[PDB]
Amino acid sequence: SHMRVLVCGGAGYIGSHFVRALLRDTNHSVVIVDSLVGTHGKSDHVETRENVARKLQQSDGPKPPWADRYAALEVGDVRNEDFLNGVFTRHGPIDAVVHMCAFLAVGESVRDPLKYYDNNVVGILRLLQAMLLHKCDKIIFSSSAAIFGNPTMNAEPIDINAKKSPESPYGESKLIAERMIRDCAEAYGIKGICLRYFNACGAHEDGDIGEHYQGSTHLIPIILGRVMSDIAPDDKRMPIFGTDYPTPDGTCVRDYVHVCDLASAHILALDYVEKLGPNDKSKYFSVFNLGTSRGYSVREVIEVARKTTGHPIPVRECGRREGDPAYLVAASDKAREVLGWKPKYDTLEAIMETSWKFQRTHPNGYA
């Protein structure tokens, strides 16, 4: 069911996996708008017309059914209202917006709130205003488990409607965005879906795209980066942020969901909003928690990395990183029931293997 999709932040980690799924599993037209602030100012990995061509060229073998599928790339900031307007006009009519751009280092948001409120909140504001101006009535928003925080001061899978008590400015910025999108449904008829990803991880089976460790603030990429340093010719120990949490082993528990499963959820979300009609209205705004429903502590994740890489990965216990909730695991019944979401990755072992395959073949990232 062809549809022209505008993917903000599409050159990023999760965005690249979503775009690839759009290009290989759908007939939608893809337009990416990214400032490249989260990609070191480069876009060699983006599946533009030229990049896709070079890939099919440099390599030999049966031409894939998606060999001619590519996305357009518009480089700029979504807060630059002029730039944004030009993108909607030149690539219009835009049927749906998938808003993935943001700053997402929870620890950094606590130290520099304004950087996060500006980019995260003003960014979604500008998109919503552009959608209204250009008659676009469908949006899929990248939310987070960070909107939940710790229980109001049993730890079990978090439901979509659990209380929202953000433990960081990052979480607050995602939460206000959901409120804004919700209010636009009632006021302007904008159909929106907020997908709360939990801990995104893994890499596409092809092993060519993923989250490089250099400059990363996330657990697994950092662990694998320590291995990339243990592999190199002779403190390289793996830092554990906080061991005094209200969890079984004292370290934070998270739900690691594969980026390819997150990608398929967006395709299902797009089909859902596209089928909504005027009688649905109460269904114009919906939220879904995306996770495997299984949790792993920081210690357990490191142990899986050790068994996946075959390396020692010496650790070192440190103090808590401000902004971190003790436990964040997802209950995804709504996503499974309503969207028909069917995650292919369940164990961290299989996920970790795809992350390692990508990292171990990219000592310098995409560079």
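One rule holds for the numbers: they count along the sequence shown, beginning at 1.
- According to the entry, the deposited sequence has 10 or more residues without coordinates between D234 and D235.
- The mean Cα B-factor in the deposited entry runs higher for 68 to 76 than for the other of 176 to 184 and 68 to 76.
- A summary of the deposited B-factors shows that, of 314 to 322 and 26 to 34, the stretch with the larger mean C-alpha value is 314 to 322.
- Within the selection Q129, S142, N120, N279, the deposited Cα B-factor values reach their highest point at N279.
- Out of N150, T217, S286, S168, the entry records its largest CA B-factor for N150.
- The entry lists a Cα temperature factor for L125 that places it in the lowest third of the chain's modelled residues.
- Looking at the C-alpha B-factors along this chain, the one for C260 belongs to the lowest third.
- Sort the chain's modelled residues by C-alpha temperature factor and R111 lands in the middle third, per the entry.
- When the modelled residues of the chain are ordered by C-alpha B-factor, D82 sits in the highest third.
- Sort the chain's modelled residues by C-alpha temperature factor and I302 lands in the middle third, per the entry.
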